[PDB]
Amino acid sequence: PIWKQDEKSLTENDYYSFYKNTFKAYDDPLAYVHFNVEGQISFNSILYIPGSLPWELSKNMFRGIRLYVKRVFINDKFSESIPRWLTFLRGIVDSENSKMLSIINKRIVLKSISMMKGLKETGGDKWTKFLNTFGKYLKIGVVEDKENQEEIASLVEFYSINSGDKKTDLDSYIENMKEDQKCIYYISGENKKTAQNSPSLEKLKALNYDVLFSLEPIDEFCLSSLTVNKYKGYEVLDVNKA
């Protein structure tokens, strides 16, 4: 019924208490979205981004989402039915009516990306916290969700030669690209320090080009996908390849 109620009459202690007691979570979520939709195909959903990594996920990256059909509880195993890069979301979907699992899912993915973009726009510690905690899942989304590849990739961030102590997003890298520069460059390292000290790196340093760092297999997985598919038309080259 919580998700049946009006979303001009519900306050956030309502949403937080619901989340906290349904999901057994003492963390304040970073964000939530209550959406009802709407006419012929018919459903309500509340989706939450946890304030911290769920314990079950702290040891194996892949409940999440509780399905109700017609206000009856089916399973809390509906996370299994959405793209797995979204397994960190917690929430409900209550559907009246596969070719519905399909369009329910498209709508969930849309709303979750929109939630993240909103959180990024606000910026601050909270966006930083979000990428710190869940950014690995986005990086997986970039490869695995072909249709949303460009929007998800616009959220992920990496260390680079120039970003120093903080990470850069890809769009900032683009805006920072020198007059002659055609491509986005990256290089693998054991970590920040070893990576920037790679003598690979001297021709690009001579050109004053930035280079992103790939510091873990998931970075490699994500970036190599961008080499194939490009990012916003830009080539993405591994400095130790061709």
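One-based numbering along the sequence shown.
Colleague: Are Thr128 and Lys129 truly consecutive in the deposited sequence, or are residues between them missing coordinates? Give the number as none, 1 to 3, 4 to 9, or 10 or more.
Modeller: Nothing is missing.
Colleague: Which class describes the count of deposited residues lacking coordinates between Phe62 and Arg63: none, 1 to 3, 4 to 9, or 10 or more?
Modeller: The entry leaves 4 to 9 residues without coordinates here.
Colleague: On average, which has the higher Cα B-factor in the deposited entry, 37-45 or 176-184?
Modeller: The recorded data point to 37-45.
Colleague: With respect to the recorded C-alpha B factors, which stretch has the higher mean value, 197-205 or 212-220?
Modeller: Looking at the record's C-alpha B-factors, the answer is 197-205.
Colleague: At the C-alpha atoms, which of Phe134, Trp85, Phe78, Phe158 reaches the highest B-factor in this entry?
Modeller: Highest C-alpha B-factor among the listed residues goes to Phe78.
Colleague: Comparing against every modelled residue in the chain, figure out the third that the C-alpha B-factor of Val93 lands in (lowest, middle or highest).
Modeller: As the PDB entry reports it, the C-alpha B-factor of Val93 lands in the middle third of its chain.
Colleague: Using the B-factor values recorded in the entry, state whether the Cα atom of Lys139 falls in the lowest, middle or highest third among the modelled residues of its chain.
Modeller: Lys139: CA B-factor falls in the lowest third of its chain.
Colleague: Please rank the C-alpha B-factors of the chain's modelled residues and tell me whether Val236 sits in the lowest, middle or highest third.
Modeller: According to the entry, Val236 has a C-alpha B-factor in the chain's lowest third.
Colleague: Going by the entry, which third of its chain does the Cα temperature factor of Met116 land in?
Modeller: Ranked within chain, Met116 CA B lands in the lowest tercile.
Colleague: Would the CA B-factor of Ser102 place it in the lowest, middle or highest third of its chain?
Modeller: Highest third of the chain for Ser102's C-alpha B-factor.
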